[PDB]
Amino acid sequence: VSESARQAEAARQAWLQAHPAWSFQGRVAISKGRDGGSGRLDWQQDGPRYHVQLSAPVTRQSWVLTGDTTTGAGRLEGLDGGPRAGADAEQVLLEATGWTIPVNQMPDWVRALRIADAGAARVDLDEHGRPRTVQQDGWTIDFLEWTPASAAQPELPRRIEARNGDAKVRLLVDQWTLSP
């Protein structure tokens, strides 16, 4: 690895880890086996706390998942029946919609960071020293395209594909919002 690329990737991660409140908006397509779905995603993060709104296309019906990565619990509002909650936010979402998304790991993966206290992650770098693929926690995460940098905003992913067996997530991040 280039020494200038080594320092740039270390400063990218340290900047992101030092600014734990952020949000993004984008579009997601989920798949497991032959079924799946898609919709517009708003993701707000405040340290370990996430607030995730998915706005559906024809149904017009959004759901809102709220959870906490330190406990893993989450609650899901907006669906017919009323609000569902449980110890595993990924499983709450799975039982209610049939969608698999690893919600407790996304806050790190979507920023191209690996989870802390999770078990050594295999990391492959692109030719610039940016993560290209991350293997962690059963999931393989590919970083296909990057959002341009600016003085205020470090390089952050723009197109991700994550897979675990036959569970597939494709994510387009259209707009990041970060601390100043």
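All residue numbers refer to positions in the sequence shown, first residue = 1.
Colleague: Taking the recorded C-alpha temperature factors, which stretch has the higher mean, 79-87 or 105-113?
Modeller: Mean C-alpha B-factor is greater for 79-87.
Colleague: On mean C-alpha B-factor from the PDB entry, just flag whether 57-65 or 133-141 is the higher one.
Modeller: Mean C-alpha B-factor is greater for 57-65.
Colleague: Mind checking which third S31 falls in for C-alpha B-factor across the chain?
Modeller: Its C-alpha B-factor belongs to the middle third of this chain's values.
Colleague: Place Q153 in the lowest, middle or highest third of its chain's C-alpha B-factors, as listed in the PDB entry.
Modeller: Answer is lowest: the recorded C-alpha B-factor places it there.
Colleague: Where does the C-alpha B-factor of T147 rank in its chain, lowest, middle or highest third?
Modeller: Within its chain, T147 is a lowest-third residue by C-alpha B-factor, going by the deposited values.
Colleague: Classify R40 as lowest, middle or highest third according to the C-alpha B-factor given in the PDB entry, relative to its own chain.
Modeller: CA B-factor rank for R40: lowest third.
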